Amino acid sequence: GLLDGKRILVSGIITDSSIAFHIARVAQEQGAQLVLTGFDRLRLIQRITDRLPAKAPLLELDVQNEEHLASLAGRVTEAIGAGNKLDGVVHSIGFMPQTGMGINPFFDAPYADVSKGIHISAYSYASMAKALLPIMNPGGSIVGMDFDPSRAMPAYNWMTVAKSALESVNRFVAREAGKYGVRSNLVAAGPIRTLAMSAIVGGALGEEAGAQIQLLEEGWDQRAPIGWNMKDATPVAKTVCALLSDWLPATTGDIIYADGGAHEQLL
């Protein structure tokens, strides 16, 4: 197994279409022992994760909660056993209030809303590294989920801005993590049909935004030399696992693109 013997914390599961659900599944398939964290709806998350190939402890983590973050390392240690540390950490957490996305004008997002989204989507990558690095082994790996923000695009609006901050945060986390012998990287994924993504295509954030995201997805598959299947999160789960393994040991502060090769092609 690719991750035999590794202890890995996976955040961000909320449904069975969550990217983190598939990261967790593939990780277990490859021999990893997991600890999960979940936000708010813990009964739902437990029920969802019962479907994973192996059992895994579920800890509550609201990334905006200082107390949750302060106690996290202790709770993880309790879950995996004193004297054991984590080898891997997956950050698969993102959020932006509706005012910062969709057909709501870019200029009309109130800073308080933008700031909440940047807190959850970018700052929390640093918050989690701070909480967990003291309990990680040398050779460890921290991975977060990215959506390539190097160009602006319709609809994504302030979430794209938050991803830009996240990529910058990642390079700083790499500096800190390096002192523990730990890597920090992002996986920039193509669009994936999660429940939220489907809602948006279905017009949940405005018809115009729905149409733009649908077009975005179609152009993505078209220019990807090996195609892109927005209904299949497995290729991104495998990529996250590659970064958690020992097979990219000299890569840190970096971004790995699991996007079908769309970002390197113009037409």
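All residue numbers are counted from 1 along the displayed sequence.
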If you take the mean CA temperature factor per stretch, which one wins between 205 to 213 and 220 to 228?
205 to 213
Higher-B stretch (mean Cα B-factor, as the entry records it), 146 to 154 or 74 to 82:
74 to 82
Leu69: CA B-factor among chain residues, third -> highest
Taking the chain's C-alpha temperature factors as the reference, tell me which third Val26 falls into: lowest, middle or highest.
lowest
Entry-reported Cα temperature factor of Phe107, expressed as the chain third it lands in
middle
Considering only modelled residues of the same chain, in which third does the CA B-factor of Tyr125 rank: lowest, middle or highest?
lowest
Within this chain's modelled residues, let me know which third the CA B factor of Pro191 belongs to: lowest, middle or highest.
lowest
